[PDB]
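S.K.: Right, I'll just put the structure down here and ask away after.
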Amino acid sequence: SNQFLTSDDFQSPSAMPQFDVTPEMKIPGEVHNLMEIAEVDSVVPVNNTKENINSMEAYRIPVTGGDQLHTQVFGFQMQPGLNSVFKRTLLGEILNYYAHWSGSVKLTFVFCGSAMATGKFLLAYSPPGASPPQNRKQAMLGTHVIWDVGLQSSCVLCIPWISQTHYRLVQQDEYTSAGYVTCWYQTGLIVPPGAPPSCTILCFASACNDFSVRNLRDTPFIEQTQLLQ
Amino acid sequence: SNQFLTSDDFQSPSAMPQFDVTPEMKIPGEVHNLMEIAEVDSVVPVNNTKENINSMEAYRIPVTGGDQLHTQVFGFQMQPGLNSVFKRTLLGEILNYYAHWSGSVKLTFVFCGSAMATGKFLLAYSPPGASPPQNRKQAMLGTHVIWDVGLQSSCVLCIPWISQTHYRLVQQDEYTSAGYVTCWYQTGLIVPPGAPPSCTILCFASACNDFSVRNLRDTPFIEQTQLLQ
Amino acid sequence: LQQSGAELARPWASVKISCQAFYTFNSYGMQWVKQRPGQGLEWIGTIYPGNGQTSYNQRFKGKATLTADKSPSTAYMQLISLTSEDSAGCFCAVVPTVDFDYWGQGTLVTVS
Amino acid sequence: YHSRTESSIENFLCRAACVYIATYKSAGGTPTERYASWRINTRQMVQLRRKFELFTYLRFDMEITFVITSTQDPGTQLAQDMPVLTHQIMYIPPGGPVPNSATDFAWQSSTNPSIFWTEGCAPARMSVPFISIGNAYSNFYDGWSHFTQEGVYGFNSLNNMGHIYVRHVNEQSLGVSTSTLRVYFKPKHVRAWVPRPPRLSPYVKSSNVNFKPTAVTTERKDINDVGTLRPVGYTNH
Amino acid sequence: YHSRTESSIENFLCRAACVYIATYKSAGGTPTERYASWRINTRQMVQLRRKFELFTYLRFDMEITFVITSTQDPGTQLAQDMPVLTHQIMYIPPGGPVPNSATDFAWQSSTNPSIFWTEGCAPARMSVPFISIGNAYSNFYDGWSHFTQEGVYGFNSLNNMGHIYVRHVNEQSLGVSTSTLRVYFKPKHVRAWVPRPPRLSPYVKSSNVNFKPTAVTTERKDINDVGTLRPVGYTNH
Amino acid sequence: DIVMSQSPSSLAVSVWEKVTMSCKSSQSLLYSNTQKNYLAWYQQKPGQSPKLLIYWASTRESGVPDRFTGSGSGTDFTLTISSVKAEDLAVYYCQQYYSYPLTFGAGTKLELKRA
Amino acid sequence: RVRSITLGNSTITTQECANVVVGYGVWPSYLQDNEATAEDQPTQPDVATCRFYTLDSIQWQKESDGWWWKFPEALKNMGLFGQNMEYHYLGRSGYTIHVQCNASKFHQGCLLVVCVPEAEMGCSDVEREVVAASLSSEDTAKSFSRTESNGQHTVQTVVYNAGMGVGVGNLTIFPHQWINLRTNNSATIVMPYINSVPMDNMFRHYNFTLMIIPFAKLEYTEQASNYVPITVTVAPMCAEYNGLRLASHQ
């Protein structure tokens, strides 16, 4: 009509015709899709206890050494872009720019201990309509891998995409419909005389190749509204 | 739209259709580009001391004869269309009509002395991020030619185009980023009995084939605003 | 901060003046000033260790030599063909291209 | 290798320029402010005059555009319900009947092309071809108008483009409506010959080349003085 | 298999956004509120600043649209019969004459492209190409403006897009008309390089990257605490 | 060579009298990169080594009162002495950071006038 | 498997066979014809500047937070490459930063070695600006801090915001490598020349910043040497210049 849709692509007359643009040169690192920024790993803040968020201690998962053998290392609700654990990483900063999302999440746990240390962890994953495991025996009968840190230093754990519908709302919260990724002590942490007994795990989350988003909007993080000065 | 862009090419209905225009005849001297006016040499006012600008003495570079052998003849900052030396010549009157410029400048120094006179001048050029030479020994180690006026009467000195970006702003001033063209006595000026000891140089500046301009605007020289009468 | 102790010289001969800097000789050269009680301060030269440059005022070219080594970390100035006109107090100063800052003491050259 | 299309003669001499702003009322009084008038000459505006006077001989069509904004005058007996203003813009071809004042027969002459334009829509536009007995217009004329070297030094030349006259068509009795005309002149298909030097001295009047003796250029410190040598820093020393 | 066209760089950085709302009157007083002015920078609006600061180097054309709605001011000596408001929007190209106030020659400068728009129809639109000496704009500049590392830490860079100045063309004597401009800026043909992390700290000013130290993320109950375990029902037990 | 002028060359003044002293440069010691004048002010106490008064022609040093303040720009400067005391009787020399021959000024000798 | 690398007739570095990171996917190269705007020829000093400039070693202690060097100021005094930064006007160079540590098998820890293009940094005081003396030293590292810096003209050197106001775990977006002392020992990143102009003056502009941040802190028992030396070695690649003159600045 004779209206102005703000979401309407139209050519306009150039204000400065007869002007030659500077010839574009080859700059390395061209981006064509926002999903290429989401498919890189970013360090996941798993240890947010409110006394570590203002330090580097909210990136290090503590694995103490001694006699536990039945307790938990960590655990979180697997919902990227909504979880306090995931909403500030590169994947969950891009998901907050969109209202729908669909795809897999790839986790990677790196054991940052000494080469003389040896142990075993049970990395369990629970499905979306399922309760978090409460002990190591319940987590064993679910979906688990055994990460023997004497043999491998990283444990890549890819998480499947299970939903009734095609996409999934990012800001909408559906409790007990996302999945949980917990980790349990299996053996402990065995060190020789001279090695430090306690250690550190780091987690890295990204997207996969089947990832997609839809329905762009404004990020919840920026609250400022008035112009700067 | 239903607007009026002043920079918009549109055909209009002819007010006088049915009128036969006078057949155009061959007039010599057709101009197709403004750069053809800039690629001619114009005499450069190098000697502007405020007592010569209202005379012809602001075109003649004085080369006195005697015992100097270490002093300077002239020197200017090489920025066409902004320098008091260059902004009123043909090249620097066209550059003031545009906001961007790019290309080389060709200088030519003509020794207007007698055929019996002999001497040598050192014509140094300094790069854009470089200080003006202070004596003849500093100018020798830079970029120089030796102009022996007994052999040649003109010394053509073309100046390269060095910049970080593609074009360059004309009115914007960037000190110590343009280049300096100085001239030093090497030998003196040797004359036989009967020849005049003092002489005269004239400078001629133009553009080159790689010259271009962009972003047309109004010349800074014309200040009158109200219509004539 | 330190300068040579008072010394007695002979005309038509040389003098070597020393200066001691606790600060490392980097990014900033060592100043040399000659004071005339009747007149004012006069700059002799500076040797810039950070880039290693050595320079003198035209008046002192051929008169003053400036030399700073690395391990000793002491700045030196030598004058030659001394006459009564060279009798003066000579100061060494620092310059971080930010200021001339301070000088300190200095042996009164006494050509006699 | 760059492009030189920005400094062609078409791209340098074809920009629209406001060359004339006048005002004209719509009710009686003196019979002069009821209409506007502009003899088409490229000499009253110095900015465009200097660009045209880089050439001796020019040849172009015209592309004139009129921006007419009206207003309601204050005082008593107001306009109130004013229906719509219609304006007549008449181009008197060179040697054509020229209106002495408003409501004259010159306005109704068939010979003078006219535009009837109603307020509230796109502005009025007209195009005039190259109208000369000669084969170009001349910015300069080293000569006289009569064959006996008598008259004026280059003013009655065949460089006449005509006039433009604008008035209200309405017969408005109560209330006055003051309109303001803006003329945006633009040359099309420009062909230019014999390049001339750009002018140094300022202009005095739009009938001459008269001038006062001005300096070749601006004052400088000395014959060999570069400006503001960089003060000693940690790179320039 | 889904489609990834929703998160391309063109579809993520090309949405129109209101970046500047100003107002400008039409009668006298102080010579400041009679016109509007906006230096084109993508730093005053935080929402668009964060999207542009996911990249180091950008290259785009501009597509600016102006939504001008006027009103009649209260008080005595009312507008009454106001004929139609015409507005001039001038784009001063970088390094171009900039108006000190209303009725200045900068407005009539041929160099600065302008739009004359009459109220009651579709809004005014203009497109500006990539105007830079460099080969891209830079959202970040780890460096200085002068060669001596002197001046301001990244503000006089060649990232200048120009200004936009808007005024009333009318000469309105009786009555004041206050117009409000809305600028809907939009980039076209965006090409972006060197992806950067999204910002955590809030902004303080549109000339810096200054910030206050903020937490990496929000508070959580404990190192291993999932939220709201389902209370025993007839399926979850 | 850049020369530094000082006027007056010397002046005798009593206690509690606001005195100034000009130091004019033969070249503007102000560059257009940072807009910071290259001028130094120095106090040489009677029979003593000089000390710093004002650097960048605008900023004070430690252990220095507000009766020593740089002031000016371009090529003309002065040092306002607001409330003189019994520690100002000395010779003062201005200096420039700009041209490599770092010449000092003529040298104002602020003299003490007694009863 | 212990292959030696000799670059120029001065340098020898010994290194095993490990993984490299090549830029944003491009190798450094020389400027072609349709890429420059300058009015002259580059005259690259290939015969003298391509060697290894091994900087001083930092000590990774138990309580250290991180270090950064700004480039190309990090080679301002390093030999002939520092002379070319003086006696030229424009410059263009890629680099091959090689970072390696000497730890035992009884040490543990993890480093992140980032190359951040245009790492513009905010000040420790809002409504104020940094100085050049707080951005970088000429050859030594600048330390991040665990707590909040509070100076007037300094840099906000808190470690989890990386001096740029971002999340420190998201610096993995730029070219990076992880030195995990359990398995990895070394890290080598090949940075190209990234700018918006083909050549810039390498005194005012900082092309990139090399940050080395420990994410898992260093632990050791009481027998052990209580630090791990981190040795950085920078080798310039395809350096070319323009504008021969004197040393106008510094």
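Heads up: the sequence lines are chains 3, 3', F, 1, 1', L and 2, in that order. A prime marks a further copy of an entry chain.
Using the authors' numbering, the first residue of the first sequence is number 10, and each one after it goes up by one.
Using the authors' numbering, the first residue of the second sequence is number 10, and each one after it goes up by one.
Residues 4 to 82, 82A to 82C, 83 to 112, numbered by the authors' numbering, are exactly what the third sequence covers, in order.
Using the authors' numbering, the first residue of the fourth sequence is number 56, and each one after it goes up by one.
Using the authors' numbering, the first residue of the fifth sequence is number 56, and each one after it goes up by one.
Using the authors' numbering, the first residue of the sixth sequence is number 1, and each one after it goes up by one.
Using the authors' numbering, the first residue of the seventh sequence is number 81, and each one after it goes up by one.
By construction, the Cβ of each residue, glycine as well, lies at the ideal position given by its N, Cα and C atoms.
1) Taking only beta-carbon positions, decide if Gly323 (chain 2) is within less than 8 angstroms of chain 3'.
2) Taking just the CA atoms, how far does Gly189 (chain 1') sit from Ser276 (chain 2)?
3) Which residues, in chain order, does the region 258-291 of chain 1 contribute to contact with chain 2 at a C-beta distance below 9 angstroms?
4) Spatial neighbours of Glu209 (chain 2) within its chain, please: C-beta separation below 8 angstroms, excluding the five flanking residues on both sides.
5) Give the residues of chain 3 in contact with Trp199 (chain 1'), contact being defined as C-beta atoms less than 8 angstroms apart.
6) Any Cβ of chain 3 within less than 8 angstroms of the Cβ of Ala296 (chain 2)?
7) Report the three-state DSSP secondary structure of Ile188 (chain 1) (helix, strand or coil).
8) Give me the Cα-Cα distance between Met158 (chain 2) and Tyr133 (chain 2), rounded to the nearest whole angstrom.
9) Please confirm if the region 91-103 of chain L is in contact with the region 34-41 of chain L, defined as three or more CB-CB distances below 8 angstroms between the two stretches.
10) What first and last residue would you give for the alpha helix (DSSP H) that runs through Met44 (chain 3)?
11) Kindly say whether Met216 (chain 1), judged by its beta-carbon, lies nearer than 8 angstroms to any beta-carbon of chain 1'.
12) Closer than 8 angstroms, Cβ to Cβ, to anything on chain A: give me those residues from the region 59-79 of chain F, in chain order.
13) How about the region 103-112 of chain 1' and the region 58-78 of chain 1': do they share at least three Cβ pairs that are nearer than 8 angstroms?
14) Among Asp280 (chain 2), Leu290 (chain 2), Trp149 (chain 2), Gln188 (chain 2), which one has its Cα closest to the Cα of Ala213 (chain 2)?
15) Just reading off the beta strand (DSSP E) that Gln99 (chain 1') is part of, what are its end residues?
16) Does the beta-carbon distance from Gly288 (chain 1') to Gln86 (chain 3) come in below 8 angstroms?
17) Can you tell me whether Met149 (chain 3') is helix, strand or coil according to DSSP?
18) Between the beta-carbon of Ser163 (chain 3) and the beta-carbon of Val119 (chain 3), is there less than 8 angstroms?
19) Just the Cα atoms here: how many angstroms apart are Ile144 (chain 1') and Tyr220 (chain 1')?
20) Have a look at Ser140 (chain 3) and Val190 (chain 3) and give me their C-alpha separation to the nearest angstrom.
21) Taking C-alpha atoms, which residue in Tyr112 (chain 1), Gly130 (chain 1), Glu174 (chain 1), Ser164 (chain 1) lies nearest to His142 (chain 1)?
22) In chain order, what residues of the same chain lie with their CB nearer than 6 angstroms to the CB of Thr235 (chain 1), ignoring the 5 residues before and after it?
23) Cα-Cα, which of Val211 (chain 2), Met165 (chain 2), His256 (chain 2) is closest to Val102 (chain 2)?
24) Return no unless some Cβ of chain 1' is closer than 8 angstroms to the Cβ of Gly138 (chain 3').
25) Thinking C-alpha only, which one of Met291 (chain 2), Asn164 (chain 2), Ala267 (chain 2) is nearest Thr220 (chain 2)?
26) Could you name each continuous beta strand (DSSP E) segment of 3 residues or more that falls completely within the region 218-268 of chain 2, going from the start of the chain to the end?
27) Grab me the residues of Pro108 (chain 2)'s own chain with a C-beta within less than 6 angstroms of its C-beta, minus the 5 sequence neighbours each way, in chain order.
28) Between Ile36 (chain 3) and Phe171 (chain 1'), what straight-line distance do the alpha-carbon atoms span, to the nearest angstrom?
29) Can you list, in chain order, the residues of the region 151-174 of chain 2 whose Cβ is nearer than 9 angstroms to any Cβ on chain 3?
30) Report, in whole angstroms, the separation of the C-beta atoms of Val55 (chain 3) and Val94 (chain 3), which I expect to be a contact under 8 angstroms.
31) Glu65 (chain 1) by DSSP, collapsed to three states: which one?
32) Should the region 151-162 of chain 1' be called in touch with the region 240-254 of chain 1', which here means at least 3 C-beta pairs below 8 angstroms?
33) Using a Cβ-Cβ distance cut-off of 8 angstroms, determine whether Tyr176 (chain 3') contacts chain 1'.
34) At which residues does the alpha helix (DSSP H) containing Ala213 (chain 2) begin and terminate?
35) Mind checking if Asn190 (chain 1') is an interface residue toward chain 3, Cβ cutoff 8 angstroms exclusive?
36) Please list the residues of the region 37-50 of chain F that have a C-beta atom closer than 7 angstroms to any C-beta atom in chain L, keeping them in chain order.
M.R.: In short:
1) Residue numbering aside, residue 323 (chain 2) sits at position 243 when the seventh sequence is read from its first letter. Closer than 8 angstroms to some Cβ of chain 3', the Cβ of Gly323 (chain 2) qualifies, so yes.
2) Taking the first residue of the seventh sequence as 1, we reach residue 276 (chain 2) at position 196. Taking the first residue of the fifth sequence as 1, we reach residue 189 (chain 1') at position 134. Straight-line Cα distance between these residues: approximately 6 angstroms.
3) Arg285, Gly288, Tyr289, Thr290, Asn291
4) Here the question's residue 209 (chain 2) lines up with position 129 in the seventh sequence. Excluding sequence neighbours, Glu209 (chain 2) sits near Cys203, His233.
5) The residue labelled residue 199 (chain 1') in the question sits at position 144 within the fifth sequence. Those do not exist, as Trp199 (chain 1') stays about 22 angstroms from chain 3 at its closest Cβ, beyond 8 angstroms.
6) As a first step, residue 296 (chain 2) must be located in the seventh sequence, where it is residue number 216. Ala296 (chain 2) counts as touching chain 3.
7) Stepping through the fourth sequence from its first residue, residue 188 (chain 1) is reached at position 133. The answer is coil: DSSP assigns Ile188 (chain 1) none of H, G, I, E or B.
8) Taking the seventh sequence and counting its residues from 1, one reaches residue 158 (chain 2) at position 78. Taking the seventh sequence and counting its residues from 1, one reaches residue 133 (chain 2) at position 53. Their Cα atoms are separated by approximately 7 angstroms.
9) yes
10) Taking the first residue of the first sequence as 1, we reach residue 44 (chain 3) at position 35. From DSSP, the alpha helix (DSSP H) with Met44 (chain 3) extends over 44-47.
11) The residue labelled residue 216 (chain 1) in the question sits at position 161 within the fourth sequence. So no, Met216 (chain 1) is outside the interface.
12) Reference to chain A is not applicable here, since the protein chains of this structure are 3, 3', F, 1, 1', L and 2.
13) yes
14) As a working note, residue 213 (chain 2) is residue 133 in the seventh sequence. Considering only alpha carbons, the answer is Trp149 (chain 2).
15) One-based indexing of the fifth sequence puts residue 99 (chain 1') at position 44. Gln99 (chain 1') -> no beta strand (DSSP E), and no H or E assigned at all.
16) Locating residue 288 (chain 1') in the fifth sequence gives position 233, counting from the first residue. Locating residue 86 (chain 3) in the first sequence gives position 77, counting from the first residue. No, the Cβ-Cβ distance between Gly288 (chain 1') and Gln86 (chain 3) is not below 8 angstroms.
17) Indexing the second sequence from 1 puts residue 149 (chain 3') at position 140. Note: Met149 (chain 3') maps to helix in three-state DSSP.
18) Residue 163 (chain 3) sits at position 154 when you count from the first residue of the first sequence. Residue 119 (chain 3) sits at position 110 when you count from the first residue of the first sequence. Taking 8 angstroms as the Cβ cut-off, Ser163 (chain 3) and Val119 (chain 3) qualify as a contacting pair.
19) Looking up residue 144 (chain 1') in the fifth sequence gives position 89. Looking up residue 220 (chain 1') in the fifth sequence gives position 165. The straight-line gap from Cα to Cα measures roughly 6 angstroms.
20) Here residue 140 (chain 3) refers to the residue found at position 131 of the first sequence. Here residue 190 (chain 3) refers to the residue found at position 181 of the first sequence. About 11 angstroms.
21) By one-based count along the fourth sequence, residue 142 (chain 1) stands at place 87. The option with the nearest alpha carbon to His142 (chain 1) is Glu174 (chain 1).
22) By one-based count along the fourth sequence, residue 235 (chain 1) stands at place 180. Correct list, in chain order: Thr78, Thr124.
23) Along the seventh sequence, read from residue 1 onward, the residue named residue 102 (chain 2) stands at position 22. Of the listed residues, the one whose Cα sits closest to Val102 (chain 2) is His256 (chain 2).
24) Here residue 138 (chain 3') refers to the residue found at position 129 when the second sequence is read from its first residue. True, the Cβ-Cβ gap to chain 1' drops below 8 angstroms.
25) In the seventh sequence, the residue the question calls residue 220 (chain 2) occupies position 140. When only C-alpha atoms are compared, the closest one is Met291 (chain 2).
26) 256-260
27) The residue labelled residue 108 (chain 2) in the question sits at position 28 within the seventh sequence. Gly174, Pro272, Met317, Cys318.
28) The residue given as residue 36 (chain 3) occupies position 27 in the first sequence. The residue given as residue 171 (chain 1') occupies position 116 in the fifth sequence. About 40 angstroms.
29) none
30) Taking the first residue of the first sequence as position 1, residue 55 (chain 3) is located at position 46. Taking the first residue of the first sequence as position 1, residue 94 (chain 3) is located at position 85. About 6 angstroms; that satisfies the 8 angstroms criterion.
31) Indexing the fourth sequence from 1 puts residue 65 (chain 1) at position 10. Reduced to three states, the DSSP call for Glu65 (chain 1) is helix.
32) no
33) On the second sequence, residue 176 (chain 3') is found 167 positions in, with the first residue counted as 1. Closer than 8 angstroms: yes.
34) By one-based count along the seventh sequence, residue 213 (chain 2) stands at place 133. Residues 212-215.
35) Here the question's residue 190 (chain 1') lines up with position 135 in the fifth sequence. Closer than 8 angstroms: yes.
36) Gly43, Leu44, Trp46
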